[PDB]
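In structure tokens, one chain follows: the form deposited in one PDB entry.
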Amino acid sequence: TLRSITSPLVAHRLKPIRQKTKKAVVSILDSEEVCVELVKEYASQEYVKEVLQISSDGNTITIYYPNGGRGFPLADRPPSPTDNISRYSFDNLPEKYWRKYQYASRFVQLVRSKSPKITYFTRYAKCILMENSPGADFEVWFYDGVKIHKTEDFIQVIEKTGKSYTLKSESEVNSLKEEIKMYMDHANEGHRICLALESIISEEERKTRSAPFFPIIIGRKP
């Protein structure tokens, strides 16, 4: 089952963006739909030959072949579909499209990892909870120039010149320079607070509202 392999992408709250690779051009549209344009090379120009159009909730996939299946010149936006389409639920998408769905799925997931959900200004730092929940990335931009980038798999640290190093196990973190273990105590507190605030706002989001409660920016730089 595809739902075993990955979860449906969710592009809610994500800003429009276009990524051009060798394999595809993946776009998050203004409607939060995600499109995968499979581009073919007929030198010099590239043609859009196939399009996967994925719904913002990730559960509807519309596949079509623009220009009668002959192709469209790759443009700034994807070609809109015609009544000639094939369409599937996520749970019903044939495997032949799984790899292409995941192009979108992954891109969305990457964009979420760079999309601020909650920004929290503290005395020493600017905290940013990202959108790739759960286990979202957590960035910490201290004003002195120190940068801490939290992940699920690791914790990055960038010192004031560019001394970059990646910390993994807690046993490796304890072994860090002792003026730094305090920076983490800040960064971890922000993280706890941001997570704390995310929870409370989501709860309030569930009840009657009129617009999303995310993103949120809390406070200001001094």
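Heads up, when I say rigid core I mean the largest set of C-alphas that superpose within 1.5 Å between the two forms. Don't overthink the numbering: it's just position in the shown sequence, from 1.
Another form, the form deposited in another entry, is not on view; read the next lines as being about it.
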Q) Would you say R13 moves between the shown form and the other one, meaning its CA shifts by 2 Å or more once the core is fitted? A) no
Q: Please say whether, between the shown form and the other one, the C-alpha of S171 moves by 2 Å or more once the core is aligned.
A: yes
Q | Did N67 shift 2 Å or more between the shown form and the other one, C-alpha, core superposed | A | yes
Q) How does the C-alpha distance between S169 and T151 change in the other form compared with the present structure, closer or farther, given a change of 3 angstroms or more? A) closer
Q: Relative to what we see here, could you say if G69 and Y101 have their Cα atoms closer or farther apart in the other form, with a change of 3 Å or more?
A: farther
